[PDB]
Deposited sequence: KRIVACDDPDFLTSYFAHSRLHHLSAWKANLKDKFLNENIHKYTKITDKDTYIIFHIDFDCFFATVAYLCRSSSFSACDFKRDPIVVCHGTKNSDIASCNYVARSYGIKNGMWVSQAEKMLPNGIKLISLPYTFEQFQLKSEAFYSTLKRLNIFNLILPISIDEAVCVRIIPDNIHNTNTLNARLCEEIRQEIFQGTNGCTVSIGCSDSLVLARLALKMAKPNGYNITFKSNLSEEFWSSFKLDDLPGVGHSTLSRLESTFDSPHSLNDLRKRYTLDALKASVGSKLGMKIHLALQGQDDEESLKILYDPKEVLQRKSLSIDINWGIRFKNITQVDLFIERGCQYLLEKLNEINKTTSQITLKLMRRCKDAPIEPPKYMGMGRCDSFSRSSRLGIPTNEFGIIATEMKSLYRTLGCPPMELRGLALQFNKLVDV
């Protein structure tokens, strides 16, 4: 018990073993890799000439579901269908990694703090908190992916995440529903109690929206020609791929707070969109509202091997960072470079460009954040350098990293987050 501090040689090890966000990233990176290894010898790209159907498959409230099926006996009293359940580490300003649909019926969301969530529960409803079961999340993911390959349904299976895949059926020149039902059934069995939803369409965007609409353990079909106002009206603006908190806020400020995608599509003009959120994004939203994919989004189908090929490598620590002097910082940077170099050498690459980025306590922010050991409100400072020659040498890299830190001049006591990045990777 008692958390390993940031000045301890195995801080990274212990922090990563506990951080679900690090797991998410690590699992994602490994899956991309596995895809590249399994397809070294397989013609893989899809063309303009090709006709295809997208089946976007995702586990429902993934950690919550798995953590519940694997729960210790002191929680046997729990009922997934009637009780609000979440997976998290703590009791107050702790992230709810995943919450079940009963919890969502009260307004609880993934990403919300436990303290926030409990305020949303009416008298007589108690929040149930489950621990993370990382190894089990991984075993269910493996079953999911092997099961997909085993049915011999798809021409290609793109791993998006530990619980999500974009599967493609190429159609040469009703069945879809039977297929959706088979996949859901076999995955439910190959996984034991887990559930998966499916969005099926002729565009990646619609498949993703259909997925959201199908979500509570089901499937939804919807093609470009099935679009209706009832379909639009059912989505929040940030249900669009590529639209998060800021884009939402900008869309709202520009088009008189539209509440559903239908309201947005009835009010927008391409030009205003572009002025509001960027053009490409504006352009992406524009196409999405007509059920069409932007070119950027399509590269993953026309060339998965290049899209899935890792182009950078880094660590980003923003919790538990508390230092008193530059010596501790230097040692931390050194260890960070040692960790990254282990990774770099594992994927047989060198780097020609590095970046040190840091989070510094804002002038106006409290010295200790509302969140225990959190970074709190901070300002970003970043600096990069081109290395003369691609290298994997600790000496060159660590020395430049330490040098970049002096240039940004953040007093150690103000440091609250730190990122070490290898931006351009060169081969062999």
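- One segment of the deposited sequence has no coordinates for C-alpha: 174-179, numbered from the first residue.
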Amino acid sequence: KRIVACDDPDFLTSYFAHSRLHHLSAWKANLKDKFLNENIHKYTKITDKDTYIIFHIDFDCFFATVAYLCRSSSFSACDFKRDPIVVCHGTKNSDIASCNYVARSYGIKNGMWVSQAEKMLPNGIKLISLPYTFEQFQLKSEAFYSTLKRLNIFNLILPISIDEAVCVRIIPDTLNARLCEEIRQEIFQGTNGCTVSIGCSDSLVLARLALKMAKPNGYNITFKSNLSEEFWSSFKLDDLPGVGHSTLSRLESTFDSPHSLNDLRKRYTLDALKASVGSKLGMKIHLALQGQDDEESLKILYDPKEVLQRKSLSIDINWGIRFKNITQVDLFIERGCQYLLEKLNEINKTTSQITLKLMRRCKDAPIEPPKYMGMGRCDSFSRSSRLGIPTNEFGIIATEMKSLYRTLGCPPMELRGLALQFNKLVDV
From here on, numbers count along this sequence of modelled residues.
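Rigid core (definition): largest C-alpha set, two forms, superposition within 1.5 Å.
- When the other structures are laid on the shown form by the rigid core, the stretch among 119-127 and 184-192 with the greater C-alpha deviation in 8 other deposited structures of this protein turns out to be 119-127.
- Take 37-45 and 50-58, fit the other structures onto the shown form by the rigid core, and average the C-alpha distances in 8 other deposited structures of this protein: the farther stretch is 37-45.
- Stretches 327-335 and 189-197 differ in mean CA B factor, with 189-197 having the higher one.
- Higher mean CA temperature factor between 362-370 and 57-65: 362-370, per the PDB entry.
- Taking the PDB entry at face value, the top CA B factor among 112, 86, 78, 209 belongs to 78.
- Reading the B-factor column for the CA atoms of 135, 316, 164, 229 in the entry, the top value corresponds to 229.
- In the deposited entry, the Cα temperature factor of residue 386 places it in the middle third of its chain's modelled residues.
- In this PDB entry, residue 49 carries a Cα temperature factor that places it within the highest third of its chain's modelled residues.
- Among all modelled residues in its chain, residue 377 ranks in the middle third by Cα B-factor.
- In the deposited entry, the Cα temperature factor of residue 92 places it in the lowest third of its chain's modelled residues.
- Ranked by Cα temperature factor within the chain, residue 286 sits in the highest third according to the deposited record.
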